[PDB]
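Visitor: Got a structure for you, written out below as structure tokens; questions coming shortly.
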Protein chains: 12
Amino acid sequence: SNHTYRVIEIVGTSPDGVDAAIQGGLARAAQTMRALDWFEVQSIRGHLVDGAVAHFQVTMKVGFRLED
Amino acid sequence: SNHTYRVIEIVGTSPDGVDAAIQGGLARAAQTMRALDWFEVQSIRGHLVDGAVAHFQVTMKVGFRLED
Amino acid sequence: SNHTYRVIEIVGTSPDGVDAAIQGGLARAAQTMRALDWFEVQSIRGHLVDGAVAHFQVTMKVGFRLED
Amino acid sequence: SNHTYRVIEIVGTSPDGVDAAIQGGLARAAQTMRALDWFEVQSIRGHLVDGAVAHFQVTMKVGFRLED
Amino acid sequence: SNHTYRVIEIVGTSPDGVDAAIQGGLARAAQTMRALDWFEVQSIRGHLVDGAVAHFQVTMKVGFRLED
Amino acid sequence: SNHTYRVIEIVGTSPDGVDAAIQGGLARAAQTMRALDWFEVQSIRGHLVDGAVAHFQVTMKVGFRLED
Amino acid sequence: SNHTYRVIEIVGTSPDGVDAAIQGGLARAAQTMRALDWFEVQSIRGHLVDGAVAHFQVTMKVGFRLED
Amino acid sequence: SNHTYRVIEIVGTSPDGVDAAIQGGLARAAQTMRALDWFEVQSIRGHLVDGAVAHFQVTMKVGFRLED
Amino acid sequence: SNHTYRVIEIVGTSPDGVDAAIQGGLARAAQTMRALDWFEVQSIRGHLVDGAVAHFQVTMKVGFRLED
Amino acid sequence: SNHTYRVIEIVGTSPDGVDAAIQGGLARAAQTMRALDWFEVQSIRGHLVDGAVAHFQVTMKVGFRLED
Amino acid sequence: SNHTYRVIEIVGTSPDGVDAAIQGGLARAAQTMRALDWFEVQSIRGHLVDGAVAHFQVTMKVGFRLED
Amino acid sequence: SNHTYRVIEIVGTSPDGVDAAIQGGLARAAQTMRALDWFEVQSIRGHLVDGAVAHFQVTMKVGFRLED
Ligand SMILES: Cc1cc2nc3c(=O)[nH]c(=O)nc-3n(C[C@H](O)[C@H](O)[C@H](O)COP(=O)(O)O)c2cc1C
Ligand SMILES: Cc1cc2nc3c(=O)[nH]c(=O)nc-3n(C[C@H](O)[C@H](O)[C@H](O)COP(=O)(O)O)c2cc1C
Ligand SMILES: Cc1cc2nc3c(=O)[nH]c(=O)nc-3n(C[C@H](O)[C@H](O)[C@H](O)COP(=O)(O)O)c2cc1C
Ligand SMILES: Cc1cc2nc3c(=O)[nH]c(=O)nc-3n(C[C@H](O)[C@H](O)[C@H](O)COP(=O)(O)O)c2cc1C
Ligand SMILES: Cc1cc2nc3c(=O)[nH]c(=O)nc-3n(C[C@H](O)[C@H](O)[C@H](O)COP(=O)(O)O)c2cc1C
Ligand SMILES: Cc1cc2nc3c(=O)[nH]c(=O)nc-3n(C[C@H](O)[C@H](O)[C@H](O)COP(=O)(O)O)c2cc1C
Ligand SMILES: Cc1cc2nc3c(=O)[nH]c(=O)nc-3n(C[C@H](O)[C@H](O)[C@H](O)COP(=O)(O)O)c2cc1C
Ligand SMILES: Cc1cc2nc3c(=O)[nH]c(=O)nc-3n(C[C@H](O)[C@H](O)[C@H](O)COP(=O)(O)O)c2cc1C
Ligand SMILES: Cc1cc2nc3c(=O)[nH]c(=O)nc-3n(C[C@H](O)[C@H](O)[C@H](O)COP(=O)(O)O)c2cc1C
Ligand SMILES: Cc1cc2nc3c(=O)[nH]c(=O)nc-3n(C[C@H](O)[C@H](O)[C@H](O)COP(=O)(O)O)c2cc1C
Ligand SMILES: Cc1cc2nc3c(=O)[nH]c(=O)nc-3n(C[C@H](O)[C@H](O)[C@H](O)COP(=O)(O)O)c2cc1C
Ligand SMILES: Cc1cc2nc3c(=O)[nH]c(=O)nc-3n(C[C@H](O)[C@H](O)[C@H](O)COP(=O)(O)O)c2cc1C
Ligand SMILES: [Cl-]
Ligand SMILES: [Cl-]
Ligand SMILES: [Cl-]
Ligand SMILES: [Cl-]
């Protein structure tokens, strides 16, 4: 058949960098979403506290296949 | 913990301007959503009728914290 | 009243071109969403197999009116 | 029939803010254009004099239906 | 000589897809503008009614040579 | 002479809307910068608390003439 | 292994519309290239002659897998 | 009063470079438009013939004050 | 009160990757700036020497609260 | 002399994150290209399998000096 | 060591074209700044008086190395 | 027939300005590519040495007709 996908936007966070934030966001998404297929980073930001990075914040679009 | 956020897109409307459209959209969003944290305006448009602005239409991304 | 809209993102697919992909995606969306009002194409991509287009993939934002 | 629209670009101005600049620009546009249907804000700028905003300047695309 | 061009923006519409909307818009443009040379699609949108595409709406920039 | 300008980026805030945030940011800028000439809005965001807008946050580029 | 891809840019053309231009460009690309995997449309333009579309011109990025 | 501006798009051309193309386009514009105030370059392109630049082509937005 | 922020642009560098470049840039910024609040990555580039990455170069906007 | 550069686009991949994908892509590029000088990340995407990141995919522009 | 750069934004002006505006802006910047390394043009605009270009205005980002 | 074009990216350089950089890049391209048809400037940058512009660097897309 011709599949249809849905694309949602999430932000993963971690003090431990860009990869960790990506992985953390996607891990949360996978808990309650099915048929995840791809992601696309929209932005990399972070929150600073006392001059240090408290959290990296990576905004992602996440695409998944819609069930019939 | 490391929080994960979800970002949805809504359009608020009002005949009474940009601020009123923002506030209206966000008020509707708050009724059913929880843990709203930020918004970002994507566009400001409007519908014209008889040469006057019938509604300002303000598209926003709205970020909220996901529950575990 | 002043209506509020929600805008989601979907990808329609078809081997039979851009229009067919748009129509297919929107047809799937219409099965489970109500009060669809507009769409906006975000991108036109496709997957190639053996040098031929296997599927056109058209990403759309789709706006609909929120119920009270 | 299948309508065709024309989209022009104007800048509305006012010392009294974004909404006033939008409304002012559109009011001028309505005097000499017919069948105005929508607008889209392109930018919000302003001119400063003696440290104060002398005019808000709101650039808009304005769409209208072409007559046959 | 060194030619100068003017670029206007129009929206073509059709229920019958992207190509039909492009062709329709350009056909209307050709009736009252001369020396049309090129177009560039700016966006592909559409209006939905009862879950179906009522009109594809294709916004184009259209360039033409200015007469002396 | 041929003037040179410098362009800085600031964020004005206010609970009372976009215009108030713009005006507040620019008022602060005017206290310590001279020869302010123009501004350009880069983004309109805000912070939400208990479902309400606590502050509108308007990011602006601000241009001023450099002294010799 | 971890694959590496190369992305080139081509323009397909046809008087017969967007899909035909895409297909034509990709067919030419396939003649000399191997392991084509995806495309992404960058722009849709066209050349006008005597008020009619002489060619649709569809610029695409085309990704393919690099051989070792 | 609060002035309203109109912004049109033109392309100036010259074999003799970017400045010459800008100046040429604007000179043509000035012949039939009044109260020209500013321009903004949108793109710099050119046509190549026998490996040489036949014309630089500079697309500009041109803003002018609307008369009452 | 209603706070005002200033946003500057810096480039952090490191041979040891994106996170290291971010952290390095921000560490330098913190030495001579106060009340750092957030950053936003603008670009990730790098310099190549003998086919290897000599430095990752991460351009960031950095926002901080202005003192009264 | 005045050097001329060529800029190509590649996608590096790795299951082990953004830096690893960058390094992998560039290592492949260096095998068959000479005088590599810089890169610029265009996008960070990835493929998901069973809810996990199978590969990070980092699209880069890569600039190199052309030989005479 | 790993250098950190700062990037500021300036506008150079000249009646004598794009190159002259660039050179003028950068010459002013060099008078008070140290370790200038690169620039990137952001926009080319100009002010028109009596139908002629009074000043070309070239906005640049200018990067320089921060001292320890 | 329906022609297909290929679009490559090059950077021309010169100490003598934007036009000279464009012309230099294109002259180098013409030595080893055939059927050059158009260019589009992507960016204007430069390298600064001792406070002066050592080279203007103009990145261009260059389109050419593919042979059968
Ligand atoms: C324009 C703007 C953008 C911001 N972006 C972020 C962000 O990306 N991540 C984040 O954690 N906080 C962000 N913030 C919140 C700030 O980091 C900070 O927590 C807030 O402004 C309060 O700071 P203050 O106590 O110095 O006033 C942003 C604030 C503003 C005004
Ligand atoms: C390209 C395009 C963009 C539009 N954008 C908006 C919009 O932002 N807000 C809105 O209310 N209507 C929008 N519309 C709908 C028009 O405002 C209008 O209601 C519709 O085209 C019917 O107008 P007509 O009766 O003159 O044909 C848009 C229509 C087109 C074709
Ligand atoms: C940067 C990038 C973008 C891609 N975009 C698409 C796409 O738009 N549509 C699609 O079906 N596949 C897309 N893919 C997946 C590829 O088409 C392909 O299926 C995958 O990379 C495996 O190809 P390979 O077996 O040659 O390694 C993309 C892959 C990469 C790396
Ligand atoms: C890059 C640039 C952008 C400008 N944008 C605006 C604008 O948006 N609105 C406006 O009224 N003036 C704008 N101006 C004009 C300035 O506000 C100002 O009136 C002009 O540069 C003269 O200022 P000076 O006397 O300090 O040299 C702009 C000028 C430059 C150089
Ligand atoms: C942000 C926005 C964008 C819109 N874009 C379009 C469009 O591209 N084409 C169109 O025909 N109508 C457009 N519309 C109008 C809607 O399709 C719809 O006709 C209008 O909002 C009334 O819908 P409702 O009766 O559900 O409130 C737009 C409306 C909004 C708010
Ligand atoms: C991607 C992102 C963007 C943000 N943008 C803003 C902003 O524009 N303004 C602001 O005040 N805070 C911004 N924040 C901070 C949030 O509003 C919020 O204060 C912070 O994430 C803590 O929320 P939590 O306690 O629900 O985890 C941003 C945060 C993230 C992750
Ligand atoms: C800014 C600009 C953009 C153009 N884009 C296209 C294009 O996308 N496709 C095309 O075939 N020709 C394009 N052209 C070429 C024109 O369509 C036309 O063939 C050329 O300008 C000569 O027209 P003239 O004889 O009216 O001067 C472009 C020309 C200019 C100046
Ligand atoms: C995607 C595209 C963009 C073009 N842009 C321009 C342009 O900016 N200026 C111009 O004079 N011609 C432009 N053209 C027209 C070409 O320069 C050329 O005149 C036309 O494609 C015929 O070339 P051919 O005889 O090699 O097929 C463009 C053509 C295409 C397909
Ligand atoms: C368009 C362009 C972009 C460049 N971007 C970067 C960069 O992001 N980081 C960097 O270290 N050098 C950058 N450079 C400098 C080059 O990496 C290189 O050091 C310089 O061009 C000299 O190289 P060559 O000796 O091969 O001529 C750039 C150069 C050009 C022309
Ligand atoms: C719009 C779109 C974008 C995609 N982007 C990527 C990508 O960046 N990387 C990738 O490996 N695959 C990409 N793909 C391919 C998907 O990840 C997936 O492999 C393909 O759609 C088949 O999934 P399905 O079996 O659930 O239908 C993309 C597909 C679509 C439709
Ligand atoms: C949207 C907008 C953009 C402008 N951009 C520029 C600019 O780039 N450079 C400049 O010198 N002036 C700029 N101006 C100022 C105008 O050129 C002009 O000096 C001002 O609007 C007063 O013109 P008027 O007397 O016709 O009302 C801009 C004005 C507006 C409204
Ligand atoms: C973010 C970034 C962008 C750069 N862009 C350019 C460029 O466009 N052209 C160029 O010649 N060099 C470019 N460079 C290289 C610098 O001009 C400079 O040669 C290099 O960073 C070494 O400078 P330093 O000795 O002060 O550390 C860039 C460097 C960075 C970090
Ligand atoms: Cl959503
Ligand atoms: Cl127009
Ligand atoms: Cl290439
Ligand atoms: Cl600054």
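Each chain of the structure tokens is named A, B, ... in the order shown, its residues numbered from 1; ligands are numbered from 1 in display order.
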As an NGL selection string, please: every residue in chain I that a backbone DSSP assignment puts in strand (DSSP E).
Guide: :I and (5-14 or 36-49 or 52-65)
Visitor: Can you write out the residues you just picked, keeping N, CA, C and O atoms, as a short mmCIF file (atom, residue, chain, number, x, y, z; two decimals), in the first residue's frame?
Guide:
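Below is the file that was written, selection04.cif:
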data_model
loop_
_atom_site.label_atom_id
_atom_site.label_comp_id
_atom_site.auth_asym_id
_atom_site.auth_seq_id
_atom_site.Cartn_x
_atom_site.Cartn_y
_atom_site.Cartn_z
N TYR I 5 17.27 41.41 27.84
CA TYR I 5 18.41 40.55 27.57
C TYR I 5 19.20 41.09 26.40
O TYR I 5 18.67 41.83 25.55
N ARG I 6 20.49 40.74 26.37
CA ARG I 6 21.36 41.03 25.25
C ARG I 6 21.82 39.70 24.67
O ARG I 6 22.06 38.74 25.41
N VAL I 7 21.92 39.64 23.35
CA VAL I 7 22.30 38.40 22.65
C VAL I 7 23.53 38.68 21.79
O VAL I 7 23.48 39.53 20.88
N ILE I 8 24.63 38.00 22.11
CA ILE I 8 25.87 38.16 21.36
C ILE I 8 26.13 36.87 20.59
O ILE I 8 25.44 35.87 20.79
N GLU I 9 27.08 36.91 19.67
CA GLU I 9 27.41 35.76 18.84
C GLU I 9 28.91 35.44 19.01
O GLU I 9 29.76 36.32 18.89
N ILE I 10 29.17 34.18 19.32
CA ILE I 10 30.53 33.70 19.49
C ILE I 10 30.74 32.40 18.72
O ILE I 10 29.80 31.73 18.32
N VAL I 11 32.01 32.04 18.50
CA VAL I 11 32.30 30.77 17.89
C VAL I 11 33.25 30.03 18.83
O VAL I 11 34.34 30.53 19.10
N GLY I 12 32.82 28.88 19.33
CA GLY I 12 33.69 27.99 20.11
C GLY I 12 34.37 26.99 19.21
O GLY I 12 33.81 26.58 18.19
N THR I 13 35.60 26.60 19.57
CA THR I 13 36.32 25.64 18.74
C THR I 13 36.96 24.55 19.58
O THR I 13 37.27 24.74 20.77
N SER I 14 37.14 23.41 18.94
CA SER I 14 37.84 22.26 19.56
C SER I 14 38.09 21.21 18.50
O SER I 14 37.23 20.96 17.66
N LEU I 36 24.73 34.83 32.15
CA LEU I 36 24.44 34.01 30.95
C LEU I 36 23.23 33.12 31.21
O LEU I 36 23.11 32.52 32.27
N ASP I 37 22.33 33.05 30.25
CA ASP I 37 21.06 32.37 30.44
C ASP I 37 20.82 31.25 29.43
O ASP I 37 20.35 30.17 29.79
N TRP I 38 21.09 31.51 28.15
CA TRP I 38 20.84 30.48 27.12
C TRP I 38 21.80 30.62 25.95
O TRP I 38 22.45 31.63 25.78
N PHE I 39 21.88 29.56 25.15
CA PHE I 39 22.56 29.62 23.85
C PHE I 39 21.75 28.90 22.80
O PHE I 39 20.87 28.09 23.11
N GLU I 40 22.04 29.27 21.55
CA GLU I 40 21.41 28.69 20.39
C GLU I 40 22.49 28.49 19.33
O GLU I 40 23.14 29.45 18.91
N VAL I 41 22.67 27.26 18.88
CA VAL I 41 23.65 27.00 17.83
C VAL I 41 23.15 27.55 16.48
O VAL I 41 22.03 27.27 16.07
N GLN I 42 24.01 28.32 15.82
CA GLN I 42 23.72 28.89 14.52
C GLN I 42 24.27 28.06 13.38
O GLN I 42 23.65 27.97 12.31
N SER I 43 25.46 27.49 13.58
CA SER I 43 26.10 26.66 12.58
C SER I 43 27.19 25.79 13.18
O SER I 43 27.76 26.13 14.23
N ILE I 44 27.46 24.67 12.51
CA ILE I 44 28.56 23.79 12.83
C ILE I 44 29.40 23.65 11.56
O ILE I 44 28.93 23.19 10.52
N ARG I 45 30.63 24.11 11.65
CA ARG I 45 31.59 24.10 10.56
C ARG I 45 32.87 23.49 11.09
O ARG I 45 32.99 23.16 12.28
N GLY I 46 33.86 23.35 10.22
CA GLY I 46 35.18 22.98 10.69
C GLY I 46 36.24 23.24 9.65
O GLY I 46 35.95 23.36 8.46
N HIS I 47 37.48 23.28 10.13
CA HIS I 47 38.65 23.44 9.30
C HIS I 47 39.33 22.09 9.16
O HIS I 47 39.57 21.40 10.17
N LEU I 48 39.65 21.72 7.92
CA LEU I 48 40.32 20.47 7.58
C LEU I 48 41.80 20.72 7.26
O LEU I 48 42.13 21.65 6.52
N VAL I 49 42.67 19.89 7.82
CA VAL I 49 44.12 19.93 7.53
C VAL I 49 44.59 18.50 7.31
O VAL I 49 44.34 17.65 8.14
N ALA I 52 42.03 15.69 7.80
CA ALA I 52 41.48 15.47 9.14
C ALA I 52 40.84 16.75 9.68
O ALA I 52 41.18 17.83 9.23
N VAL I 53 39.91 16.63 10.63
CA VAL I 53 39.33 17.83 11.25
C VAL I 53 40.30 18.40 12.28
O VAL I 53 40.59 17.77 13.32
N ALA I 54 40.85 19.57 11.97
CA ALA I 54 41.73 20.28 12.88
C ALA I 54 40.95 20.96 14.00
O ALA I 54 41.36 20.92 15.16
N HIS I 55 39.85 21.62 13.65
CA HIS I 55 38.92 22.18 14.64
C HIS I 55 37.50 22.12 14.14
O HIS I 55 37.23 22.54 12.99
N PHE I 56 36.61 21.65 15.01
CA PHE I 56 35.18 21.92 14.90
C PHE I 56 34.97 23.36 15.34
O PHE I 56 35.59 23.84 16.31
N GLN I 57 34.06 24.06 14.66
CA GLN I 57 33.80 25.48 14.91
C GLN I 57 32.29 25.64 15.02
O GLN I 57 31.57 25.44 14.04
N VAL I 58 31.80 25.93 16.22
CA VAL I 58 30.37 26.01 16.50
C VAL I 58 30.01 27.44 16.86
O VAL I 58 30.43 27.96 17.90
N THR I 59 29.23 28.07 15.96
CA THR I 59 28.76 29.45 16.13
C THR I 59 27.50 29.40 16.98
O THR I 59 26.60 28.64 16.69
N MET I 60 27.46 30.21 18.03
CA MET I 60 26.34 30.26 18.95
C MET I 60 25.90 31.69 19.18
O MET I 60 26.72 32.58 19.34
N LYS I 61 24.59 31.88 19.26
CA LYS I 61 24.06 33.06 19.94
C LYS I 61 23.97 32.77 21.43
O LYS I 61 23.59 31.66 21.85
N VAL I 62 24.32 33.76 22.24
CA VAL I 62 24.37 33.59 23.69
C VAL I 62 23.61 34.74 24.30
O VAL I 62 23.97 35.91 24.09
N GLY I 63 22.58 34.42 25.05
CA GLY I 63 21.74 35.41 25.68
C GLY I 63 22.03 35.57 27.15
O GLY I 63 22.26 34.58 27.84
N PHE I 64 22.05 36.81 27.62
CA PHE I 64 22.30 37.12 29.02
C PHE I 64 21.45 38.28 29.49
O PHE I 64 21.03 39.12 28.72
N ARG I 65 21.17 38.31 30.79
CA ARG I 65 20.36 39.35 31.34
C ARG I 65 21.14 40.63 31.56
O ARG I 65 22.18 40.63 32.23
#
Visitor: Rank nothing, just name the residue among F:21, F:2, F:66, F:34 nearest to chain D, using only C-alpha atoms.
Guide: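 Looking only at the distances to chain D, the closest residue turns out to be F:34.
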Visitor: Within 9 Å of residue 67 in chain E, counting only C-alpha atoms, which residues qualify if same-chain residues fewer than 3 places away don't, as a ChimeraX atom specification?
Guide: /E:3-5,35
Visitor: For atom 14 (N, counted along the ligand's line) of ligand 10 and CA of residue 16 in chain C, quote the distance in Å rounded to one decimal.
Guide: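 It comes out at 18.4 Å.
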Visitor: Name all residues at most 8 Å from residue 27 in chain D (count only C-alpha atoms; drop same-chain ones fewer than 4 positions away) and give them as number ranges by chain.
Guide: B: 51-52; D: 23, 31
Visitor: Can I get the selection written as a PDB file, in the first residue's frame, with N, CA and C atoms?
Guide:
ATOM      1  N   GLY B  51     -12.924  45.076   3.202  1.00  0.00           N
ATOM      2  CA  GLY B  51     -11.789  45.959   3.370  1.00  0.00           C
ATOM      3  C   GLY B  51     -11.271  46.115   4.785  1.00  0.00           C
ATOM      4  N   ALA B  52     -11.876  45.419   5.755  1.00  0.00           N
ATOM      5  CA  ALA B  52     -11.515  45.497   7.176  1.00  0.00           C
ATOM      6  C   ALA B  52     -10.947  44.166   7.655  1.00  0.00           C
TER       7      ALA B  52
ATOM      8  N   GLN D  23      -3.365  48.000  10.589  1.00  0.00           N
ATOM      9  CA  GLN D  23      -4.663  48.559  10.256  1.00  0.00           C
ATOM     10  C   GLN D  23      -4.525  49.771   9.329  1.00  0.00           C
ATOM     11  N   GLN D  31      -8.598  51.618  -0.057  1.00  0.00           N
ATOM     12  CA  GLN D  31      -9.085  52.789  -0.825  1.00  0.00           C
ATOM     13  C   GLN D  31      -8.983  52.604  -2.348  1.00  0.00           C
TER      14      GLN D  31
END
Visitor: How many Å lie between CA of residue 1 in chain K and CA of residue 17 in chain I, rounded to one decimal?
Guide: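 These atoms are spaced 14.8 Å apart.
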Visitor: Between CA of residue 50 in chain K and CA of residue 26 in chain H, what is the distance, to one decimal in Å?
Guide: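 CA of residue 50 in chain K sits 11.4 Å away from CA of residue 26 in chain H.
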Visitor: Could you write out, as a list in words, all the residues of chain H that DSSP marks as helix (DSSP H, G or I)?
Guide: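 For chain H, the helix (DSSP H, G or I) set is residues 18, 19, 20, 21, 22, 23, 24, 25, 26, 27, 28, 29, 30, 31 and 32 of chain H.
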Visitor: Dump N, CA, C and O atoms for the selected residues as a PDB file, in the first residue's frame?
Guide:
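result-v6.pdb written:
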ATOM      1  N   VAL H  18      27.565  43.937 -10.678  1.00  0.00           N
ATOM      2  CA  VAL H  18      26.475  44.052  -9.727  1.00  0.00           C
ATOM      3  C   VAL H  18      25.991  45.511  -9.560  1.00  0.00           C
ATOM      4  O   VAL H  18      24.797  45.769  -9.656  1.00  0.00           O
ATOM      5  N   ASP H  19      26.923  46.429  -9.295  1.00  0.00           N
ATOM      6  CA  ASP H  19      26.578  47.852  -9.137  1.00  0.00           C
ATOM      7  C   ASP H  19      25.863  48.386 -10.398  1.00  0.00           C
ATOM      8  O   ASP H  19      24.874  49.101 -10.301  1.00  0.00           O
ATOM      9  N   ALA H  20      26.383  48.052 -11.580  1.00  0.00           N
ATOM     10  CA  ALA H  20      25.803  48.537 -12.835  1.00  0.00           C
ATOM     11  C   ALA H  20      24.380  48.003 -13.043  1.00  0.00           C
ATOM     12  O   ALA H  20      23.503  48.722 -13.540  1.00  0.00           O
ATOM     13  N   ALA H  21      24.161  46.746 -12.665  1.00  0.00           N
ATOM     14  CA  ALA H  21      22.839  46.124 -12.768  1.00  0.00           C
ATOM     15  C   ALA H  21      21.840  46.778 -11.810  1.00  0.00           C
ATOM     16  O   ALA H  21      20.693  47.080 -12.187  1.00  0.00           O
ATOM     17  N   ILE H  22      22.296  47.051 -10.584  1.00  0.00           N
ATOM     18  CA  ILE H  22      21.483  47.754  -9.606  1.00  0.00           C
ATOM     19  C   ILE H  22      21.102  49.131 -10.120  1.00  0.00           C
ATOM     20  O   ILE H  22      19.929  49.489 -10.176  1.00  0.00           O
ATOM     21  N   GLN H  23      22.105  49.882 -10.554  1.00  0.00           N
ATOM     22  CA  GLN H  23      21.885  51.240 -11.020  1.00  0.00           C
ATOM     23  C   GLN H  23      20.968  51.266 -12.246  1.00  0.00           C
ATOM     24  O   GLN H  23      20.083  52.128 -12.356  1.00  0.00           O
ATOM     25  N   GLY H  24      21.147  50.299 -13.144  1.00  0.00           N
ATOM     26  CA  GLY H  24      20.331  50.244 -14.363  1.00  0.00           C
ATOM     27  C   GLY H  24      18.865  49.966 -14.078  1.00  0.00           C
ATOM     28  O   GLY H  24      17.965  50.609 -14.669  1.00  0.00           O
ATOM     29  N   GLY H  25      18.619  48.992 -13.202  1.00  0.00           N
ATOM     30  CA  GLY H  25      17.266  48.644 -12.803  1.00  0.00           C
ATOM     31  C   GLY H  25      16.568  49.817 -12.145  1.00  0.00           C
ATOM     32  O   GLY H  25      15.417  50.131 -12.449  1.00  0.00           O
ATOM     33  N   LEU H  26      17.272  50.459 -11.223  1.00  0.00           N
ATOM     34  CA  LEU H  26      16.694  51.561 -10.473  1.00  0.00           C
ATOM     35  C   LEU H  26      16.434  52.760 -11.386  1.00  0.00           C
ATOM     36  O   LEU H  26      15.413  53.452 -11.220  1.00  0.00           O
ATOM     37  N   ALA H  27      17.322  52.992 -12.360  1.00  0.00           N
ATOM     38  CA  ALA H  27      17.152  54.106 -13.303  1.00  0.00           C
ATOM     39  C   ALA H  27      15.887  53.914 -14.125  1.00  0.00           C
ATOM     40  O   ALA H  27      15.154  54.887 -14.388  1.00  0.00           O
ATOM     41  N   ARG H  28      15.647  52.673 -14.570  1.00  0.00           N
ATOM     42  CA  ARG H  28      14.417  52.360 -15.296  1.00  0.00           C
ATOM     43  C   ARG H  28      13.214  52.558 -14.388  1.00  0.00           C
ATOM     44  O   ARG H  28      12.211  53.142 -14.804  1.00  0.00           O
ATOM     45  N   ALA H  29      13.310  52.089 -13.152  1.00  0.00           N
ATOM     46  CA  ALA H  29      12.193  52.211 -12.207  1.00  0.00           C
ATOM     47  C   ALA H  29      11.827  53.682 -11.982  1.00  0.00           C
ATOM     48  O   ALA H  29      10.643  54.036 -11.930  1.00  0.00           O
ATOM     49  N   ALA H  30      12.836  54.543 -11.895  1.00  0.00           N
ATOM     50  CA  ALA H  30      12.610  55.942 -11.537  1.00  0.00           C
ATOM     51  C   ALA H  30      11.838  56.673 -12.627  1.00  0.00           C
ATOM     52  O   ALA H  30      11.132  57.656 -12.337  1.00  0.00           O
ATOM     53  N   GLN H  31      11.967  56.209 -13.871  1.00  0.00           N
ATOM     54  CA  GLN H  31      11.257  56.840 -15.009  1.00  0.00           C
ATOM     55  C   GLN H  31       9.728  56.848 -14.845  1.00  0.00           C
ATOM     56  O   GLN H  31       9.060  57.810 -15.250  1.00  0.00           O
ATOM     57  N   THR H  32       9.170  55.801 -14.251  1.00  0.00           N
ATOM     58  CA  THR H  32       7.710  55.664 -14.139  1.00  0.00           C
ATOM     59  C   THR H  32       7.153  55.504 -12.711  1.00  0.00           C
ATOM     60  O   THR H  32       5.926  55.409 -12.532  1.00  0.00           O
TER      61      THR H  32
END
